[PDB]
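# Residue-level structural notes
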Amino acid sequence: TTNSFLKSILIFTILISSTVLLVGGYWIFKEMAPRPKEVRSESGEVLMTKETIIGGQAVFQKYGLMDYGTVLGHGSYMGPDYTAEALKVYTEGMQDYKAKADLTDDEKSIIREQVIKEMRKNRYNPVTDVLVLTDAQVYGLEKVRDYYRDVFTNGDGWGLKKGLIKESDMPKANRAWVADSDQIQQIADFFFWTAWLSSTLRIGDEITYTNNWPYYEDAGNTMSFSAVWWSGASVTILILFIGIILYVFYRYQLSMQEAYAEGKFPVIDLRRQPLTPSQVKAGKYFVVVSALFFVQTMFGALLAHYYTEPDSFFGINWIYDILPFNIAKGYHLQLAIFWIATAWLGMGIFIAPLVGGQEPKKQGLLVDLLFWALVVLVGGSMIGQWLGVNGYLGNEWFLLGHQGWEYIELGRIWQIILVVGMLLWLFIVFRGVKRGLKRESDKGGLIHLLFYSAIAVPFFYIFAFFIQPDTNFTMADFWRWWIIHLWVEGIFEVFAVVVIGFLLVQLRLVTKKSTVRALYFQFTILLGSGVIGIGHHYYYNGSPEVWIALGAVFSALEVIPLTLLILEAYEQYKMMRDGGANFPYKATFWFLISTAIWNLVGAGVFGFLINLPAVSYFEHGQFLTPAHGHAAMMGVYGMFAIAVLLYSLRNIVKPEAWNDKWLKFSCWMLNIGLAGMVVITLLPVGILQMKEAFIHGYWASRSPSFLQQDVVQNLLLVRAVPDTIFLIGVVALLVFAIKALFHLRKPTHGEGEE
Ligand SMILES: CCCCCCCC/C=C/CCCCCCCC(=O)O[C@H](COC(=O)CCCCCCCCCCC)COP(=O)(O)OCCN
Ligand SMILES: CCCCCCCC/C=C\CCCCCCCC(=O)O[C@H](COC(=O)CCCCCCCCCCC)COP(=O)(O)OCCN
Ligand code: HEM
Ligand code: HEM
Ligand SMILES: CCCCCCCCO[C@@H]1O[C@H](CO)[C@@H](O)[C@H](O)[C@H]1O
Ligand SMILES: CCCCCCCCO[C@@H]1O[C@H](CO)[C@@H](O)[C@H](O)[C@H]1O
Ligand SMILES: CCCCCCCCO[C@@H]1O[C@H](CO)[C@@H](O)[C@H](O)[C@H]1O
Ligand SMILES: CCCCCCCc1cc(O)c2ccccc2[n+]1[O-]
Ligand SMILES: [Ca+2]
Ligand SMILES: [Zn+2]
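Structure report, in brief. (Residues numbered from 1 in each chain as written, not as in the entry; some residues may be left out. Chains lettered and ligands numbered in written order. Heavy atoms only, no water.)

### Some details on the site of ligand 7
Note the threshold: Consider each residue's heavy atoms; a residue with any of them within 4 Å of a molecule or strand counts as near. In these tables, accessible area is a Shrake-Rupley quantity obtained with a 1.4 Å probe, and a residue counts as shielded only by the protein chains included in the view. When residues are grouped by polarity, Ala, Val, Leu, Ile, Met, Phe, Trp, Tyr, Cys and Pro land in nonpolar, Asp, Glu, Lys and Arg in charged, and all others, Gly among them, in polar.
Neighbouring residues of ligand 7: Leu734, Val735, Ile738, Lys739 and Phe742. Across the complex, the protein chains shield 43% of the 530 Å² of accessible surface that ligand 7 would expose by itself. A per-class count over the shell around ligand 7 returns four nonpolar, no polar and one charged.

See the structure below:
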């Protein structure tokens, strides 16, 4: 019964939090805005069907528009937010209809006020899944319908391709998820629907299905009381637990303890370290991630360029033709997760034999096979996205094309081969680790924790399958975040962490006992806040008001584990010094330390800059989000992968040929460039965009007009300095990875014994 209480706590934490999430998941499904079987006029004339709405949404995914603009604040920022934009048109129309832009202020005042009292009342009948909307609203639906036909035909005057939507892209009829009916009327319908629930009061409630989001006076959308109250409450509860956790942390010494006495640093003779065929094979895995990292960055350079030159890349042509923003965005996200995730799977391959004590038979075979599996998935899924968005696919867009969800752009059959790949991966890890699990008595020991977390990798991605074209937007978004917020960060904040504890225990730098207890404490506070904290993504995506409290409170608690960082980085810096200038893992620790500092600054402070429900009300779906997004994603996960990537490359390259000079340069260039693009561009544009929404309405902050202001453009233009500096850091890494295969060692032991 070694760490019994810590186990009860962790298990209980996981149990309780998982329930809350599921309960809240249920309340969403049950309280999200409805999609009526028929929405119609005062004459009883049907204009919309649950099937239309599902289709509009479907073509929106079909054409990967979520990698261009947003809906309900989620998606890309090059384009606008269709919910807020469609809501304005629909509202403007209602004004004109009742206006029968020339009226007096005393006059436009009256009408405005009239459309307010009329549009915010819920006219949906729960008893009968049908919604009826006044004429003033139908006239509005018209303007919305016309508006987007012009848009998806003529373009949006900013980055969007002309007449991108065309029937010829899909069969006469019997179209996959989109309905038998003009496609660009389904879209206008989908957009209108989101715009409908965003401005219509929930039944019995006093605020809308999105808690009065987006901000927009003309529609009566203003900040809710919950948004302000929970901003204060969430922080006070955080202040309360920081104290409590700090005390628990201090009283139980819940951190790693050095395993060596003063001056007694352990010897690290990498030259006489068993090496196996599967490890050296996992070595080339890293040069590819290093390469995917290179291309991923480039697409980023491209996206940033498009804010300054919308439809061209320095005059050239094919570029905006074959590689437009939405498509480039998708790859940027897809490759980010791909190279970072993949870096840790490789790390898993690499340490697997070490945990077991030998090379599993056919390991190299399986490893090599897993290799060409992802390489296919990557090259393949990307090809699919191109064909899918472009229309050179039929009803195979969902299965092989672009699924239409930011962060989840690959097609389902592509997702299937993904899980199998991970499943295989899992098998490979298990084969090599298996015997370790057998020698390890304590079922909650290091190796068991390493194995339990490793399995969450493939398993947890399965929740993505609860998502498909006809799912209600809010409910599908609910599950999407399980992958973005729980999965991606489950791959890195749990698996990676236990993998490092293992590495530090192996190098004999920290006591094993000390380490597993530490992991327990981290996992409980990490899952104790993060699981429910997922909710801050549900403030305004249409989920019930309950998530504003739940999300605000638990995401704020996520900061707690983060402050026990700047000081963990120091303990690491410290032992890095305890090892002289001949310390083999210098580069690894420099990236390790950085991961930690960016965790406090990128996720901690920049993430919190936009966490308050009162702030998010205006900020949600704006430049500060990417500001935080980079500081956190690249600052934390990227650096971490790189730390581990270099750790392996060190156990594979012949020492004599190694030189961490170039790595110091990369580390400096990566860190400075990241901070530079966040501070010099993303941050200041974010403030302007939030200010712009506060004074004119969120629609104004999301119009291309905002991106066109000179001030915005200059801010946007100077991003090239730090983006280049970042780019330089990544090529140095690439160049070090590539010309590293030229100095590799060869396996010491085969299916032998270490
Ligand atoms: C919006 C603001 C966001 C700010 C984000 C800040 C991120 C902070 C990043 C820190 C990187 C830490 C890297 C390891 C530091 C500890 C080990 C170390 O530095 O050893 C150094 C060389 O380090 C190295 O060679 C490692 C490379 C150090 C390069 C740091 C550049 C970071 C600049 C951040 C501010 C723009 C040896 O030289 P010394 O000056 O004696 O070391 C002591 C200074 N730490
Ligand atoms: C909504 C979802 C939210 C996220 C939830 C998943 C999070 C995944 C990430 C990390 C999970 C780490 C879980 C560690 C739990 C350890 C509990 C534990 O080991 O208790 C042990 C028995 O465990 C046992 O006998 C085995 C039970 C514990 C492991 C079971 C498999 C768990 C797999 C989870 C991933 C799919 C108590 O007895 P022991 O000390 O092991 O045995 C005697 C030792 N002298
Ligand atoms: C030369 C460096 C880079 C540049 C110029 C760059 C540029 C961009 C641009 C322009 C966007 C557009 C978001 C939008 O409008 O929808 C973006 C998004 C994003 N980038 Fe990068 N990027 C770079 C490096 C990275 C790296 C190294 C990572 C981490 C692996 C990363 C992760 C992301 C993520 C997660 C998003 C989506 C965030 C959001 O939509 O709010 N980027 N990037
Ligand atoms: C290393 C950990 C973290 C990573 C990698 C991360 C990453 C990201 C990314 C990539 C996005 C953009 C999602 C999108 O494209 O729509 C995002 C959004 C967000 N993050 Fe984090 N995050 C982390 C930690 C945190 C923490 C600790 C907080 C709490 C203060 C937080 C609060 C938010 C909020 C509120 C948004 C929503 C922005 C909006 O709706 O406009 N994050 N995060
Ligand atoms: C979320 C915070 C969980 C904290 C769990 C603390 C569990 C402490 O557990 C205690 O640790 C002591 C050593 O420090 C041991 O001597 C005790 O026998 C043991 O019960
Ligand atoms: C600090 C966190 C406080 C959380 C309080 C959650 C209160 C949930 O309250 C419940 O919300 C449901 C809708 O989601 C309603 O259908 C239920 O009738 C209501 O009791
Ligand atoms: C993105 C650009 C990556 C460039 C990688 C260049 C790697 C050069 O690599 C070097 O090539 C020499 C032959 O030319 C060999 O003799 C060296 O052993 C090899 O390390
Ligand atoms: C293959 C596409 C390579 C991209 C080349 C463009 C270089 C480049 C890189 C950037 O990071 C920029 C940031 C802001 C504005 C412009 C930028 N430009 O032009
Ligand atoms: Ca986004
Ligand atoms: Zn989150």
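### Here we look at the coordination of the calcium ion (ligand 9)
Our working rule: Counted as coordinating are nitrogen, oxygen and sulfur atoms within 2.8 Å of the metal, or 3.2 Å for Na, K and Ca, while water is not included, which may make sites look incomplete. The rule is simple: take the accessible area with a 1.4 Å probe, protein chains only, and divide by the maximum for that residue type; under 20% is buried, over 50% is exposed, in between is partly exposed.
Surrounding the calcium ion (ligand 9) are the protein donor atoms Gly75 (O), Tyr77 (OH), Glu406 (OE) and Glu406 (OE), at 2.5 to 2.7 Å. Here the two residues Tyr77 and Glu406 agree in accessibility, since each one is buried.

### Quick look at helix α23 (residues 661-696)
Rules: Only DSSP runs of H or I with at least four residues qualify as helices, and only runs of E with at least two residues qualify as strands; both kinds are numbered from the N terminus onward. Working rule for helices: expected span equals 1.5 Å times residues minus one. Bend, at a single residue, is the angle you get between axes fitted to the 7 residues ending at that residue and the 7 residues starting at it.
Taking 1.5 Å of rise per residue, the 36 residues of α23 would be expected to cover 52 Å, and the 51 Å separating its terminal C-alpha atoms lies within 8% of that figure. Its axis deflected by about 35 degrees at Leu682, α23 carries its strongest bend there, up to four residues before the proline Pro684. Following α23 by one or two positions, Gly697 adopts a phi angle in the positive range, close to 115 degrees.

### Description of the pattern of salt bridges
Spelled out, the test is: The rule for a salt bridge is simple: a side-chain nitrogen of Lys or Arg has to be within 4 Å of a carboxyl oxygen of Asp or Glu.
The tally for this structure, following the rule as stated, stands at 21 salt bridges. Measuring nitrogen to oxygen at the nearest pair gives 3.7 Å for the salt bridge that ties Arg202 to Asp205. Residue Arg202 is classed as buried on the basis of its relative accessible area of 7%. Judged by its relative accessible area of 28%, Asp205 falls in the partly exposed class. Taken together, the shared-partner salt bridges in this structure form one network comprising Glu142, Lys143 and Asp146.

### Observations concerning the packing of aromatic side chains
Short version of the rule: Aromatic pairing here means that ring centres of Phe, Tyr or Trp (its six-membered ring) are within 6.5 Å. Orientation follows from the plane angle: under 30 degrees is stacked, over 60 is edge-to-face, and everything else is tilted. Think of it as a cone above the ring: NZ of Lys or CZ of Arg counts as a charge over the ring if it is within 6 Å of the ring centre and within 35 degrees of the ring normal.
In this structure the tally under the stated criterion is 63 aromatic pairs. Ring geometry for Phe463 against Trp479: centres 5.6 Å apart, planes inclined by 5 degrees, an arrangement best described as stacked. With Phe463 in the loop between α14 (446-461) and α15 (473-506) and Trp479 in helix α15, this residue pair connects regions lying 16 residues apart in the sequence. Between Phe463 and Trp482 the ring centres are 4.4 Å apart and the planes differ by 55 degrees, which places this aromatic pair in the tilted class. On the criterion of sequence distance, the pair formed by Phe463 in the loop between α14 and α15 and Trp482 in helix α15 is long-range, its members being 19 residues apart. Look at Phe463 and you get buried, because its relative accessible area is 16%. Three or more aromatic residues link up through ring pairs in this structure, and these residues are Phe60, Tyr82, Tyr147, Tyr148, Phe152, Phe190, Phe191, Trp193, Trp405 and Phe473. The aromatic ring of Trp699 is capped on one face by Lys88, whose charged end is 3.7 Å from the ring centroid. A cation sits over an aromatic face here: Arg480 above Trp481, 4.8 Å from the ring centre.

### A few points about the sheet that holds strand β1 (residues 38-40)
The criterion, for reference: In this analysis, strands are considered paired if DSSP registers two or more bridges between them.
Spatially, the four strands line up as an open sheet ordered β2-β1-β6-β5, and their pairing is mixed. Each edge of the open sheet is held by one strand with a lone partner, namely β2 (46-48) and β5 (124-125). Where β5 meets strand β6 (residues 130-132), two bridges bridge the pair, whose relative direction is antiparallel. Of the residues in β6, the one forming a bridge with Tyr124 is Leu131.

### Quick word on the coordination of the iron atom of ligand 3
Note the threshold: Geometry is assigned from donor-metal-donor angles: four donors are tetrahedral when every angle falls between 85 and 135 degrees, four are square planar and six octahedral when opposite donors sit over 155 degrees apart with all other angles between 65 and 115, and any other arrangement is irregular.
Within the protein, the iron atom of ligand 3 binds to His332 (NE2) and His630 (NE2); these donor distances fall in the range 2.0 to 2.3 Å. With six donor atoms in place around the iron atom of ligand 3 and angles of 79 to 175 degrees between them, the coordination shape is octahedral. Placement of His332 in helix α10 (residues 325-356) and of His630 in helix α22 (residues 624-652) is noted, with a sequence separation of 298 residues between them.

### Here's the deal with the nonpolar core
What counts is decided by this rule: Throughout this description, the term nonpolar core refers to a set of buried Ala, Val, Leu, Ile, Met, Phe, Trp, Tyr and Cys residues connected via side-chain atoms within 4.5 Å. Segmentation of the chain into domains, including their bounds, is taken from an automatic or database domain assignment. Residue contacts are counted whenever heavy atoms from the two residues lie within 4.5 Å of one another.
Counting 244 residues, the largest nonpolar core has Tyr148, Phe152, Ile187, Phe191, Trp344, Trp425 and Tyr461 as its most contacted members. Composition of this core by domain shows at least three residues from each of domain 1 (1-32 + 223-754) and domain 2 (33-222). Ignoring any residue separated from it by four or fewer positions in sequence, one finds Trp344 in contact with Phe492, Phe495, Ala496, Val499, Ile500, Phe640, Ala641 and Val644.

### Digging into the side chain of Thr297
Stated formally: Polar contact criterion, stated in full: a pair of N or O atoms within 3.5 Å, where within protein one must be able to donate a hydrogen and the other to accept it, and residues adjacent in sequence count only if both atoms are side-chain atoms.
With respect to the helices and strands, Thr297 occurs in helix α8 (residues 277-306). Classification of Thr297 as buried rests on a relative accessible area of 10%. In this structure the side chain of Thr297 is engaged in a polar contact, spanning 3.0 Å, whose partner is the backbone oxygen of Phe293. Once residues lying within four places of it in the same chain are set aside, the contact partners of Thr297 are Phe726, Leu727 and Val730.

### With respect to the packing of helix α16 (residues 512-533) against helix α17 (residues 546-556)
The axes of two packed helices give the description: the angle between them and the distance between them. What counts, and what does not: Only the contacting stretch of a helix is used when fitting its axis, a line to C-alpha atoms as for every element, and angles between N-to-C directions run 0 to 180 degrees. Working definition: roughly parallel below 35 degrees, roughly antiparallel above 145 degrees, roughly perpendicular at 65 to 115 degrees, and oblique for all remaining angles. Crossings are assigned a handedness: left-handed for a near helix turned anticlockwise from the far helix by less than a right angle, right-handed for a clockwise turn.
α17 packs onto α16 with a crossing angle of 150 degrees between their chain directions and a minimal axis gap of 8 Å. Taken together, the axes of α16 and α17 are roughly antiparallel relative to one another. The chirality of how α16 crosses α17 is left-handed. Across the interface between the two elements, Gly528, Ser529, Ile532 and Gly533 of α16 pack against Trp547, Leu550, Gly551, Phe554 and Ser555 of α17. The class makeup of the residues in the contact of α16 with α17 is four nonpolar, five polar and no charged.

From the geometry alone we can't say anything about function, so treat these as descriptive.
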